[PDB]
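*Asks:* The structure follows.
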Amino acid sequence: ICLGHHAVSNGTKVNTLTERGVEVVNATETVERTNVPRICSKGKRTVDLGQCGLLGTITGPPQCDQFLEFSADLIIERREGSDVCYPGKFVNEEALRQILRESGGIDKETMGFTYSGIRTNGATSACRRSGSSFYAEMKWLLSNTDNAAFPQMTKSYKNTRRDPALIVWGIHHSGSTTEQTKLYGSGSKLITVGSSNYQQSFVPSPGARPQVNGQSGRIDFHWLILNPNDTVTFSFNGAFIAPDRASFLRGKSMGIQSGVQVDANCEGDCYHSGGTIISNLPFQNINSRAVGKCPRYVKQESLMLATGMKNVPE
Amino acid sequence: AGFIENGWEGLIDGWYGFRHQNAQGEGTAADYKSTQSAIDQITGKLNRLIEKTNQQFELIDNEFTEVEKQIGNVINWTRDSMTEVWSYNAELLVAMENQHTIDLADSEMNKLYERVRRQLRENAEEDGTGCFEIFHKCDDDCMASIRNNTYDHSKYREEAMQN
Amino acid sequence: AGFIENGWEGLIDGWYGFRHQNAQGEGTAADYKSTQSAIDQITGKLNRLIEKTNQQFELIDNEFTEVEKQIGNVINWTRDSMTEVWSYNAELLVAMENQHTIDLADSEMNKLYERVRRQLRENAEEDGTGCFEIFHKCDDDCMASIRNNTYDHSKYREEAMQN
Amino acid sequence: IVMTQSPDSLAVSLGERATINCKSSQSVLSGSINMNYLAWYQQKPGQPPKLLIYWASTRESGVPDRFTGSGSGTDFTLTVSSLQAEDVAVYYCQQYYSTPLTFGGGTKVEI
Ligand SMILES: *[C@@H]1O[C@H](CO)[C@@H](O)[C@H](O)[C@H]1NC(C)=O
Ligand SMILES: *[C@@H]1O[C@H](CO)[C@@H](O)[C@H](O)[C@H]1NC(C)=O
Ligand SMILES: *[C@@H]1O[C@H](CO)[C@@H](O)[C@H](O)[C@H]1NC(C)=O
Ligand SMILES: *[C@@H]1O[C@H](CO)[C@@H](O)[C@H](O)[C@H]1NC(C)=O
């Protein structure tokens with residue numbers, strides 16, 4: 001008898017320890033190159049922030065009205081998403097972003113901060129719905145009517161819930177010292193924020209700034225995390241953006257930063273700016289920053305795992 | 001698969017097969033046990049490999065608003081080192097599992113070859129090209145008997161010893 | 001370990017052995033050289049594997065008072081990536097050394113099998129089940145000589161060629 | 001949209017499970033927010049009806065922990081782990097996903 005094996009005319013070139021580019025009868029994919037350019041994530045709760053930014057849901061610009069107290073297991077950020085209406089910047093920005101991405105949505109619980117002797121309805125031309133207005137959960141605390149001494153106020157909020165609250169507030173650095181005296185009065189304003197693990201304090205600093213979003217002054221958006229059974233104290237002499245509703249975490253989510261539209265046609269596992277990586281393969285060469293339980297990044301364009309034998313043509 | 005001149009192209013259903021070229025005619029059949037074992041081993045290796053990760057990774061770097069430059073370079077360098085070691089591990093694993101797949105195919109091939117040797121004491125011997133020279137004539141029955149692993153050699157010994 | 005129907009359960013002292021079924025009776029013995037080589041190789045593999053590392057890591061994260069959230073999440077992500085790569089390397093190492101120990105046992109069995117066939121030129125042949133069919137009569141001295149690698153086949157050729 | 005409720009007043013004693021069911025004609029869930037719009041109110045006799053929970057799962061600051069709201073696409077539930085004399089009221093489930101706000105029919109609790 002004659003004993004032999006099988007072969008094909010056209011096989012696949014695979015990499016091997018001894019030789020590179022050996023010819024096999026059949027081989028399978030290893031690195032996943034096929035990318036789905038859609039966030040198809042059926043079976044999971046999903047919010048598409050769009051023009052809203054992740055931090056904006058904490059503070060509430062007009063673009064973040066829809067997603068102010070959302071709840072989802074998949075948070076999708078966009079490059080067009082802005083975090084603020086009035087110009088400003090969050091200090092320790094990425095820490096708050098990573099806290100928000102693992103929140104499962106946020107809730108707003110009122111602080112009960114009543115105010116006497118000051119005017120609390122802040123109004124800016126930049127943060128516009130129907131006129132000069134401000135954020136959702138922030139009161140820009142002005143003076144009474146005009147240049148006048150802002151009273152030194154100590155306001156305490158105690159987190160009575162069983163989960164750690166996310167406290168946020170803002171600091172207004174006016175476009176000039178004259179504007180600061182117009183809004184809060186003369187004198188060196190000084191604000192302290194006290195907690196069990198937070199003791200940072202600061203002084204507002206008026207000065208000229210480039211006109212961002214049609215405004216000169218900037219709001220430093222500070223934040224902290226309150227443990228259960230813990231109280232925070234804001235002692236402000238002036239120039240304050242007081243919170244109205246403390247932010248509260250809900251659960252566990254996984255936040256992405258994509259640029260493609262959302263659908264519900266896949267049992268997708270990890271997502272990135274290019275879309276969704278649906279694959280059971282061990283490795284991928286689509287994006288190095290895909291987050292989730294999925295194939296992992298490699299440098300090789302394409303790896304061939306040999307499934308058949310070393311074929312030789314007849 | 002080293003001492004064989006070439007692999008058969010007409011063998012479609014089975015990975016390892018048999019040819020006769022006896023006086024009855026010409027026939028190309030396929031073995032079942034060796035190819036089933038080889039496909040089972042290779043598919044088990046694939047199922048071990050084809051496994052999505054359990055560990056959950058979160059976003060550590062921001063694409064839109066760039067993070068602080070020192071911690072940004074720290075994240076970039078950590079991800080670059082992890083990417084390099086993962087590319088290394090992937091190419092190393094692919095190379096050695098392709099080597100083990102080729103060696104497993106060769107091992108199943110010469111295991112079938114040696115079991116055909118074991119079934120044929122002196123009624124047949126090798127030629128060096130992967131063929132066995134049968135010293136007895138049967139009407140395609142002992143062909144299947146070798147194929148079905150139900151071959152009796154003791155009844156064919158008397159006419160094959162003197163040749 | 002391929003052509004054997006089933007491994008022996010009555011063999012305790014060694015790993016590879018011999019069964020007798022001769023005219024004197026039935027007896028079981030244990031080979032010494034092949035099992036010594038196999039156990040030496042596997043224990044050397046264990047010794048080069050069972051080793052506490054020299055690198056001495058330090059405490060990077062605080063369990064009681066949580067560190068800053070950005071650098072803390074960077075530490076968590078680095079530790080999770082290193083945990084994933086170490087788990088992958090551990091599965092890879094365990095799988096490939098289990099495959100290598102199985103192949104090493106198979107190769108030690110094969111080496112003993114080929115050395116037994118090399119000791120006995122035509123005096124014995126395989127049957128396919130792992131046994132050797134002796135064509136000469138000898139009362140446990142020839143078989144112990146086979147075990148002792150002192151087999152003199154030259155004085156047994158005359159009565160085994162005609163059979 | 002019509003707003004149904006549970007059966008009538010429950011003869012439950014102190015410190016036991018109290019279950020009130022609410023059902024909707026349409027779906028008051030999502031809207032790209034996945035937040036299932038539904039408010040729960042308790043009303044003491046002679047006092048205005050103060051809110052218990054909002055979006056059927058967010059417990060308010062001024063209410064005990066015993067009021068737990070379970071939500072879904074259509075069915076909703078208020079569960080009270082240990083009712084006492086301070087929880088006797090009439091309860092309403094209100095939808096606000098759609099503009100004609102219809103309150104519940106009222107679920108009085110009886111000691
Ligand atoms: C060849 O391998 C591929 C895996 O990519 C598989 O889908 C296909 O069925 C295989 N074909 C044969 C003939 O084995
Ligand atoms: C805070 O108060 C709650 C209820 O008033 C209590 O259950 C909790 O134990 C308190 N925290 C500590 C640390 O005692
Ligand atoms: C880090 O790597 C990403 C690609 O994964 C790149 O877009 C980014 O620019 C890098 N960061 C720096 C600071 O180079
Ligand atoms: C980092 O990992 C440890 C356990 O490995 C965990 O206890 C800790 O909470 C993690 N840190 C964060 C910020 O999740």
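Identifiers for the structure tokens are assigned positionally: chains receive A, B, ... in sequence, residues are indexed from 1 per chain, and ligands are indexed from 1 in the order shown.
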Counting only C-alpha atoms and all ligand atoms, which residues of chain A fall within 7 Å of ligand 2, and what is the closest atom pair for each with its distance in Å at one decimal, ordered by chain and rising number, as a Markdown table?

*Replies:*
| residue | atom | partner | partner_atom_place_in_ligand_line | distance |
| --- | --- | --- | --- | --- |
| A:160 | CA | ligand 2 | 2 (O) | 6.6 |
| A:228 | CA | ligand 2 | 1 (C) | 6.7 |
| A:229 | CA | ligand 2 | 1 (C) | 4.2 |

*Asks:* List the neighbours of residue D:87 out to 10 Å using only C-alpha atoms; skip same-chain residues closer than 5 positions along the sequence, and give me the result as a list in words.

*Replies:* residues 14, 42, 43, 44, 64, 67, 80, 82, 109, 110 and 111 of chain D

*Asks:* Mind checking which residues fall within 12 Å of residue C:12, counting only C-alpha atoms, ignoring those fewer than 5 positions away in the same chain, and posting them as a ChimeraX atom specification?

*Replies:* /C:7,17,28-31,35

*Asks:* Ligand 4: which residues are within 10 Å, counting only C-alpha atoms and all ligand atoms? Reply as a list in words.

*Replies:* residues 95, 98, 99 and 102 of chain A; 61, 62, 63, 64, 66, 67, 68, 69, 70, 71, 72, 73, 74, 75, 76, 77, 78, 79, 80 and 83 of chain C

*Asks:* Write the residues you've just listed into a file as a tab-separated table (two decimals), in the first residue's frame, and include N, CA and C atoms for each of them.

*Replies:*
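The result, stored in result10.tsv:
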chain	number	residue	atom	x	y	z
A	95	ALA	N	-8.85	62.45	37.41
A	95	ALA	CA	-9.34	61.70	38.56
A	95	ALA	C	-10.86	61.73	38.62
A	98	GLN	N	-12.26	59.58	35.74
A	98	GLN	CA	-12.20	58.15	36.02
A	98	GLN	C	-13.16	57.74	37.13
A	99	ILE	N	-13.45	58.65	38.06
A	99	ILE	CA	-14.51	58.39	39.04
A	99	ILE	C	-15.86	58.30	38.34
A	102	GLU	N	-16.70	55.06	36.24
A	102	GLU	CA	-17.04	53.88	37.03
A	102	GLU	C	-18.17	54.17	38.02
C	61	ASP	N	0.96	50.90	46.57
C	61	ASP	CA	-0.36	51.42	46.85
C	61	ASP	C	-0.68	51.21	48.32
C	62	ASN	N	-1.50	52.10	48.87
C	62	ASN	CA	-1.87	52.07	50.28
C	62	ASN	C	-3.26	51.46	50.43
C	63	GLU	N	-3.36	50.42	51.26
C	63	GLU	CA	-4.64	49.75	51.47
C	63	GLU	C	-5.58	50.55	52.36
C	64	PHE	N	-5.05	51.26	53.35
C	64	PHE	CA	-5.88	51.92	54.36
C	64	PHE	C	-6.35	53.29	53.90
C	66	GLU	N	-6.62	55.73	50.92
C	66	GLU	CA	-6.55	55.66	49.46
C	66	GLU	C	-5.73	56.81	48.89
C	67	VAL	N	-4.86	56.47	47.95
C	67	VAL	CA	-3.98	57.42	47.27
C	67	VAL	C	-4.80	58.25	46.29
C	68	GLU	N	-4.17	59.27	45.70
C	68	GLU	CA	-4.83	60.12	44.73
C	68	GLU	C	-5.37	59.30	43.56
C	69	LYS	N	-6.56	59.68	43.09
C	69	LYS	CA	-7.36	58.81	42.24
C	69	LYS	C	-6.72	58.59	40.88
C	70	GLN	N	-6.05	59.60	40.32
C	70	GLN	CA	-5.41	59.45	39.02
C	70	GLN	C	-4.22	58.51	39.10
C	71	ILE	N	-3.26	58.81	39.97
C	71	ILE	CA	-2.08	57.96	40.12
C	71	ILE	C	-2.47	56.61	40.71
C	72	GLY	N	-3.50	56.58	41.56
C	72	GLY	CA	-3.99	55.31	42.07
C	72	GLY	C	-4.58	54.43	40.99
C	73	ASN	N	-5.33	55.03	40.07
C	73	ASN	CA	-5.89	54.26	38.97
C	73	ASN	C	-4.79	53.83	38.00
C	74	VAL	N	-3.75	54.65	37.85
C	74	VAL	CA	-2.59	54.24	37.05
C	74	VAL	C	-1.92	53.02	37.66
C	75	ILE	N	-1.74	53.03	38.99
C	75	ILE	CA	-1.16	51.88	39.69
C	75	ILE	C	-2.05	50.65	39.55
C	76	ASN	N	-3.36	50.84	39.71
C	76	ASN	CA	-4.31	49.73	39.56
C	76	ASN	C	-4.27	49.15	38.15
C	77	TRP	N	-4.21	50.00	37.13
C	77	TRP	CA	-4.19	49.52	35.75
C	77	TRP	C	-2.87	48.81	35.44
C	78	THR	N	-1.75	49.35	35.93
C	78	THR	CA	-0.47	48.68	35.73
C	78	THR	C	-0.44	47.32	36.42
C	79	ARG	N	-0.96	47.25	37.65
C	79	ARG	CA	-1.01	45.99	38.37
C	79	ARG	C	-1.95	45.00	37.71
C	80	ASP	N	-3.07	45.48	37.16
C	80	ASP	CA	-4.00	44.59	36.47
C	80	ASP	C	-3.40	44.06	35.17
C	83	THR	N	-0.82	41.54	36.19
C	83	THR	CA	-1.52	40.34	36.63
C	83	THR	C	-2.01	39.53	35.44

*Asks:* Taking only C-alpha atoms and all ligand atoms into account, list the residues no farther than 10 Å from ligand 1, as a PDB file with N, CA and C atoms, in the first residue's frame.

*Replies:*
ATOM      1  N   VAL A   8      -3.191  20.898  -0.337  1.00  0.00           N
ATOM      2  CA  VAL A   8      -3.930  21.755  -1.253  1.00  0.00           C
ATOM      3  C   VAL A   8      -2.935  22.536  -2.100  1.00  0.00           C
ATOM      4  N   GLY A  11      -2.311  27.100   0.061  1.00  0.00           N
ATOM      5  CA  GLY A  11      -2.435  27.087   1.510  1.00  0.00           C
ATOM      6  C   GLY A  11      -2.230  28.462   2.108  1.00  0.00           C
ATOM      7  N   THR A  12      -1.551  28.503   3.253  1.00  0.00           N
ATOM      8  CA  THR A  12      -1.309  29.750   3.967  1.00  0.00           C
ATOM      9  C   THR A  12       0.127  29.770   4.472  1.00  0.00           C
ATOM     10  N   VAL A  25      -1.519  23.685   4.940  1.00  0.00           N
ATOM     11  CA  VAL A  25      -2.741  23.380   4.202  1.00  0.00           C
ATOM     12  C   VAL A  25      -3.884  24.298   4.631  1.00  0.00           C
ATOM     13  N   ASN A  26      -3.937  24.664   5.911  1.00  0.00           N
ATOM     14  CA  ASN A  26      -4.972  25.562   6.399  1.00  0.00           C
ATOM     15  C   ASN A  26      -4.476  26.230   7.671  1.00  0.00           C
ATOM     16  N   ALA A  27      -4.889  27.478   7.875  1.00  0.00           N
ATOM     17  CA  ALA A  27      -4.485  28.237   9.048  1.00  0.00           C
ATOM     18  C   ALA A  27      -5.605  29.196   9.416  1.00  0.00           C
ATOM     19  N   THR A  28      -5.592  29.629  10.670  1.00  0.00           N
ATOM     20  CA  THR A  28      -6.637  30.471  11.225  1.00  0.00           C
ATOM     21  C   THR A  28      -6.075  31.826  11.634  1.00  0.00           C
ATOM     22  N   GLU A  29      -6.988  32.791  11.726  1.00  0.00           N
ATOM     23  CA  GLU A  29      -6.653  34.134  12.163  1.00  0.00           C
ATOM     24  C   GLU A  29      -6.246  34.107  13.630  1.00  0.00           C
ATOM     25  N   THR A  30      -5.371  35.031  14.012  1.00  0.00           N
ATOM     26  CA  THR A  30      -5.037  35.229  15.418  1.00  0.00           C
ATOM     27  C   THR A  30      -5.261  36.662  15.866  1.00  0.00           C
ATOM     28  N   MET A 304      -0.726  34.333  11.839  1.00  0.00           N
ATOM     29  CA  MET A 304      -1.332  33.120  11.289  1.00  0.00           C
ATOM     30  C   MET A 304      -1.072  31.957  12.236  1.00  0.00           C
ATOM     31  N   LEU A 305      -2.120  31.466  12.893  1.00  0.00           N
ATOM     32  CA  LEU A 305      -1.975  30.263  13.699  1.00  0.00           C
ATOM     33  C   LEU A 305      -2.231  29.044  12.825  1.00  0.00           C
ATOM     34  N   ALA A 306      -1.251  28.149  12.753  1.00  0.00           N
ATOM     35  CA  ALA A 306      -1.379  26.985  11.889  1.00  0.00           C
ATOM     36  C   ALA A 306      -2.411  26.021  12.456  1.00  0.00           C
ATOM     37  N   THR A 307      -3.414  25.694  11.645  1.00  0.00           N
ATOM     38  CA  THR A 307      -4.431  24.717  12.004  1.00  0.00           C
ATOM     39  C   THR A 307      -4.220  23.376  11.322  1.00  0.00           C
ATOM     40  N   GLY A 308      -3.795  23.376  10.064  1.00  0.00           N
ATOM     41  CA  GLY A 308      -3.486  22.165   9.344  1.00  0.00           C
ATOM     42  C   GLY A 308      -2.028  21.771   9.466  1.00  0.00           C
TER      43      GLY A 308
ATOM     44  N   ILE B  12      -9.535  14.535   0.379  1.00  0.00           N
ATOM     45  CA  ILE B  12     -10.381  15.663   0.747  1.00  0.00           C
ATOM     46  C   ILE B  12     -11.014  15.466   2.121  1.00  0.00           C
ATOM     47  N   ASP B  13     -11.649  14.313   2.342  1.00  0.00           N
ATOM     48  CA  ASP B  13     -12.410  14.113   3.573  1.00  0.00           C
ATOM     49  C   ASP B  13     -11.498  13.894   4.776  1.00  0.00           C
ATOM     50  N   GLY B  14     -10.420  13.132   4.605  1.00  0.00           N
ATOM     51  CA  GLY B  14      -9.526  12.791   5.696  1.00  0.00           C
ATOM     52  C   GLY B  14      -8.178  13.470   5.550  1.00  0.00           C
ATOM     53  N   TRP B  15      -7.535  13.738   6.688  1.00  0.00           N
ATOM     54  CA  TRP B  15      -6.195  14.315   6.658  1.00  0.00           C
ATOM     55  C   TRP B  15      -5.155  13.273   6.267  1.00  0.00           C
ATOM     56  N   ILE B  39      -7.364  16.378  14.526  1.00  0.00           N
ATOM     57  CA  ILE B  39      -8.293  17.502  14.531  1.00  0.00           C
ATOM     58  C   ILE B  39      -8.793  17.782  15.943  1.00  0.00           C
ATOM     59  N   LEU B  46      -6.887  25.264  19.770  1.00  0.00           N
ATOM     60  CA  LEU B  46      -7.546  26.494  19.345  1.00  0.00           C
ATOM     61  C   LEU B  46      -8.528  26.990  20.400  1.00  0.00           C
TER      62      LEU B  46
END

*Asks:* Can you list, as an mmCIF file with C-alpha atoms, in the first residue's frame, every protein, DNA or RNA residue that comes within 8 Å of residue A:163 when you count only C-alpha atoms, leaving out same-chain residues fewer than 2 positions away?

*Replies:*
data_model
loop_
_atom_site.group_PDB
_atom_site.id
_atom_site.type_symbol
_atom_site.label_atom_id
_atom_site.label_comp_id
_atom_site.auth_asym_id
_atom_site.auth_seq_id
_atom_site.Cartn_x
_atom_site.Cartn_y
_atom_site.Cartn_z
ATOM 1 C CA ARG A 161 -26.328 58.442 52.793
ATOM 2 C CA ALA A 165 -21.015 61.625 47.913
ATOM 3 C CA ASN A 227 -17.436 59.374 53.085
ATOM 4 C CA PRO A 228 -20.730 58.223 54.632
ATOM 5 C CA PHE A 248 -23.881 60.506 44.279
ATOM 6 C CA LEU A 249 -22.514 57.383 42.624
#

*Asks:* Give me the residues within 10 Å of residue A:267 as number ranges by chain, counting only C-alpha atoms and dropping any in the same chain fewer than 2 places off.

*Replies:* A: 40-44, 264-265, 269-270, 278

*Asks:* Include C-alpha atoms and write out the residues we just selected as a short mmCIF file (atom, residue, chain, number, x, y, z; two decimals), in the first residue's frame.

*Replies:*
data_model
loop_
_atom_site.label_atom_id
_atom_site.label_comp_id
_atom_site.auth_asym_id
_atom_site.auth_seq_id
_atom_site.Cartn_x
_atom_site.Cartn_y
_atom_site.Cartn_z
CA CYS A 40 -23.28 48.16 19.10
CA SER A 41 -23.81 47.25 22.75
CA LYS A 42 -27.17 45.50 23.15
CA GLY A 43 -27.99 44.06 26.56
CA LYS A 44 -26.33 46.98 28.36
CA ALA A 264 -27.95 47.73 19.79
CA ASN A 265 -27.01 45.05 17.26
CA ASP A 269 -17.47 43.70 24.96
CA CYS A 270 -14.91 46.49 24.40
CA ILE A 278 -16.33 42.08 18.68
#

*Asks:* In Å, rounded to a single decimal, give me how far atom CA of residue B:146 is from atom CA of residue C:135.

*Replies:*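 Spanning atom CA of residue C:135 to atom CA of residue B:146 is a straight-line distance of 24.9 Å.
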
*Asks:* Check the smallest atom-to-atom distance from each of B:44, B:158, B:60, B:10 to ligand 3 using only C-alpha atoms and all ligand atoms, then report the winner.

*Replies:*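 Smallest distance to ligand 3 is found for B:60.
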
*Asks:* Name the residues of stretch 145-307 of chain A that come out as helix (DSSP H, G or I) in a backbone DSSP run; write them as a PyMOL selection string.

*Replies:* chain A and resi 177-184

*Asks:* Residues of stretch 33-85 of chain D classed as strand (DSSP E or B) by DSSP on the backbone are to be reported as an MDAnalysis selection string.

*Replies:* chainID D and resid 39:43 50:54 58:59 67:70 75:80

*Asks:* With C-alpha atoms retained, write the just-selected residues as a PDB file, in the first residue's frame.

*Replies:*
ATOM      1  CA  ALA D  39     -42.324  59.474  41.304  1.00  0.00           C
ATOM      2  CA  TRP D  40     -43.789  58.113  44.539  1.00  0.00           C
ATOM      3  CA  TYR D  41     -45.704  60.284  47.015  1.00  0.00           C
ATOM      4  CA  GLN D  42     -47.050  59.627  50.494  1.00  0.00           C
ATOM      5  CA  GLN D  43     -49.889  61.786  51.820  1.00  0.00           C
ATOM      6  CA  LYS D  50     -44.537  64.904  50.321  1.00  0.00           C
ATOM      7  CA  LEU D  51     -42.446  62.944  47.835  1.00  0.00           C
ATOM      8  CA  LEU D  52     -40.837  59.618  48.744  1.00  0.00           C
ATOM      9  CA  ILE D  53     -38.654  58.611  45.766  1.00  0.00           C
ATOM     10  CA  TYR D  54     -38.005  60.002  42.295  1.00  0.00           C
ATOM     11  CA  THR D  58     -33.539  57.448  43.818  1.00  0.00           C
ATOM     12  CA  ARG D  59     -34.333  57.670  47.523  1.00  0.00           C
ATOM     13  CA  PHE D  67     -38.956  52.753  51.406  1.00  0.00           C
ATOM     14  CA  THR D  68     -37.384  50.794  48.535  1.00  0.00           C
ATOM     15  CA  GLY D  69     -38.564  51.286  44.959  1.00  0.00           C
ATOM     16  CA  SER D  70     -38.133  48.574  42.340  1.00  0.00           C
ATOM     17  CA  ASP D  75     -44.289  47.453  36.486  1.00  0.00           C
ATOM     18  CA  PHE D  76     -43.115  49.324  39.583  1.00  0.00           C
ATOM     19  CA  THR D  77     -43.136  48.445  43.273  1.00  0.00           C
ATOM     20  CA  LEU D  78     -42.782  50.175  46.620  1.00  0.00           C
ATOM     21  CA  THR D  79     -41.671  47.863  49.423  1.00  0.00           C
ATOM     22  CA  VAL D  80     -41.568  48.779  53.116  1.00  0.00           C
TER      23      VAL D  80
END

*Asks:* Go through A:71, A:177, A:311, A:237 one by one, measure the shortest atom-to-atom distance of each to chain B using only C-alpha atoms, and give the residue with the smallest value.

*Replies:* A:311

*Asks:* Would you kindly report the residues of chain A within 7 Å of chain B, using only C-alpha atoms, as a PyMOL selection string?

*Replies:* chain A and resi 1-8+15-17+79+94+254-256+280-282+291-295+297-300+305-307+309-314

*Asks:* I'd like the neighbourhood of stretch 146-152 of chain A as a PyMOL selection string, where a residue qualifies if any of its atoms comes within 9 Å (using only C-alpha atoms), though same-chain residues fewer than 2 positions away should be ignored.

*Replies:* chain A and resi 117-118+141-144+154+180-187+189+235-239

*Asks:* Could those selected residues go to a file with N, CA and C atoms, as a PDB file, in the first residue's frame?

*Replies:*
ATOM      1  N   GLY A 117     -29.330  87.384  52.614  1.00  0.00           N
ATOM      2  CA  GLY A 117     -28.480  88.546  52.476  1.00  0.00           C
ATOM      3  C   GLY A 117     -27.656  88.606  51.208  1.00  0.00           C
ATOM      4  N   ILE A 118     -27.773  87.617  50.322  1.00  0.00           N
ATOM      5  CA  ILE A 118     -27.065  87.620  49.050  1.00  0.00           C
ATOM      6  C   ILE A 118     -28.031  87.240  47.938  1.00  0.00           C
ATOM      7  N   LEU A 141     -22.812  82.969  43.659  1.00  0.00           N
ATOM      8  CA  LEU A 141     -23.270  83.832  44.744  1.00  0.00           C
ATOM      9  C   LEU A 141     -22.717  85.237  44.533  1.00  0.00           C
ATOM     10  N   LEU A 142     -23.579  86.151  44.098  1.00  0.00           N
ATOM     11  CA  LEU A 142     -23.215  87.538  43.870  1.00  0.00           C
ATOM     12  C   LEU A 142     -23.443  88.345  45.146  1.00  0.00           C
ATOM     13  N   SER A 143     -23.274  89.661  45.045  1.00  0.00           N
ATOM     14  CA  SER A 143     -23.588  90.567  46.142  1.00  0.00           C
ATOM     15  C   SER A 143     -25.093  90.827  46.158  1.00  0.00           C
ATOM     16  N   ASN A 144     -25.528  91.824  46.930  1.00  0.00           N
ATOM     17  CA  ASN A 144     -26.958  92.091  47.051  1.00  0.00           C
ATOM     18  C   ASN A 144     -27.521  92.680  45.761  1.00  0.00           C
ATOM     19  N   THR A 154     -20.568  80.376  56.462  1.00  0.00           N
ATOM     20  CA  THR A 154     -20.140  79.003  56.704  1.00  0.00           C
ATOM     21  C   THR A 154     -21.350  78.098  56.502  1.00  0.00           C
ATOM     22  N   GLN A 180     -14.599  91.940  39.958  1.00  0.00           N
ATOM     23  CA  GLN A 180     -14.713  91.179  41.200  1.00  0.00           C
ATOM     24  C   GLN A 180     -15.368  92.011  42.296  1.00  0.00           C
ATOM     25  N   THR A 181     -15.015  93.295  42.387  1.00  0.00           N
ATOM     26  CA  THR A 181     -15.674  94.171  43.350  1.00  0.00           C
ATOM     27  C   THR A 181     -17.125  94.440  42.968  1.00  0.00           C
ATOM     28  N   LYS A 182     -17.431  94.459  41.668  1.00  0.00           N
ATOM     29  CA  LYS A 182     -18.815  94.623  41.235  1.00  0.00           C
ATOM     30  C   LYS A 182     -19.662  93.427  41.652  1.00  0.00           C
ATOM     31  N   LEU A 183     -19.117  92.220  41.522  1.00  0.00           N
ATOM     32  CA  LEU A 183     -19.892  91.015  41.790  1.00  0.00           C
ATOM     33  C   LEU A 183     -19.919  90.624  43.262  1.00  0.00           C
ATOM     34  N   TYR A 184     -18.844  90.880  44.011  1.00  0.00           N
ATOM     35  CA  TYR A 184     -18.747  90.425  45.394  1.00  0.00           C
ATOM     36  C   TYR A 184     -18.310  91.493  46.385  1.00  0.00           C
ATOM     37  N   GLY A 185     -17.807  92.636  45.934  1.00  0.00           N
ATOM     38  CA  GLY A 185     -17.354  93.683  46.824  1.00  0.00           C
ATOM     39  C   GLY A 185     -15.842  93.715  46.962  1.00  0.00           C
ATOM     40  N   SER A 186     -15.375  94.723  47.693  1.00  0.00           N
ATOM     41  CA  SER A 186     -13.953  94.905  47.927  1.00  0.00           C
ATOM     42  C   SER A 186     -13.463  93.927  48.994  1.00  0.00           C
ATOM     43  N   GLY A 187     -12.156  93.929  49.222  1.00  0.00           N
ATOM     44  CA  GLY A 187     -11.550  93.060  50.206  1.00  0.00           C
ATOM     45  C   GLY A 187     -11.000  91.786  49.586  1.00  0.00           C
ATOM     46  N   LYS A 189     -11.018  88.233  49.249  1.00  0.00           N
ATOM     47  CA  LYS A 189     -11.858  87.072  49.499  1.00  0.00           C
ATOM     48  C   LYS A 189     -10.998  85.840  49.752  1.00  0.00           C
ATOM     49  N   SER A 235     -16.550  77.677  53.990  1.00  0.00           N
ATOM     50  CA  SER A 235     -16.470  78.962  54.675  1.00  0.00           C
ATOM     51  C   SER A 235     -15.933  79.961  53.657  1.00  0.00           C
ATOM     52  N   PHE A 236     -16.832  80.737  53.058  1.00  0.00           N
ATOM     53  CA  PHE A 236     -16.476  81.640  51.973  1.00  0.00           C
ATOM     54  C   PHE A 236     -16.788  83.077  52.359  1.00  0.00           C
ATOM     55  N   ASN A 237     -15.810  83.959  52.147  1.00  0.00           N
ATOM     56  CA  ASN A 237     -16.010  85.390  52.318  1.00  0.00           C
ATOM     57  C   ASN A 237     -16.582  86.033  51.063  1.00  0.00           C
ATOM     58  N   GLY A 238     -16.378  85.417  49.905  1.00  0.00           N
ATOM     59  CA  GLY A 238     -16.923  85.933  48.666  1.00  0.00           C
ATOM     60  C   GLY A 238     -16.369  85.165  47.486  1.00  0.00           C
ATOM     61  N   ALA A 239     -16.910  85.496  46.309  1.00  0.00           N
ATOM     62  CA  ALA A 239     -16.500  84.920  45.025  1.00  0.00           C
ATOM     63  C   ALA A 239     -16.634  83.395  45.029  1.00  0.00           C
TER      64      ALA A 239
END

*Asks:* Quote the spacing between atom CA of residue A:49 and atom CA of residue A:74 in Å to one decimal place.

*Replies:* 10.6 Å

*Asks:* May I have a table of the residues of chain A lying at most 9 Å from chain D, giving each one's closest pair of atoms and their distance in Å to one decimal, counting only C-alpha atoms, ordered by chain and ascending residue number, as CSV?

*Replies:*
residue,atom,partner,partner_atom,distance
A:45,CA,D:34,CA,6.6
A:46,CA,D:32,CA,7.3
A:47,CA,D:32,CA,5.6
A:48,CA,D:32,CA,7.1
A:66,CA,D:33,CA,7.5
A:67,CA,D:33,CA,6.4
A:69,CA,D:33,CA,8.3
A:70,CA,D:33,CA,5.2
A:71,CA,D:34,CA,5.9
A:72,CA,D:34,CA,6.4
A:107,CA,D:58,CA,7.2
A:108,CA,D:58,CA,8.9
A:109,CA,D:61,CA,6.7
A:110,CA,D:61,CA,7.4
A:111,CA,D:61,CA,8.9
A:160,CA,D:61,CA,8.1
A:161,CA,D:61,CA,8.1
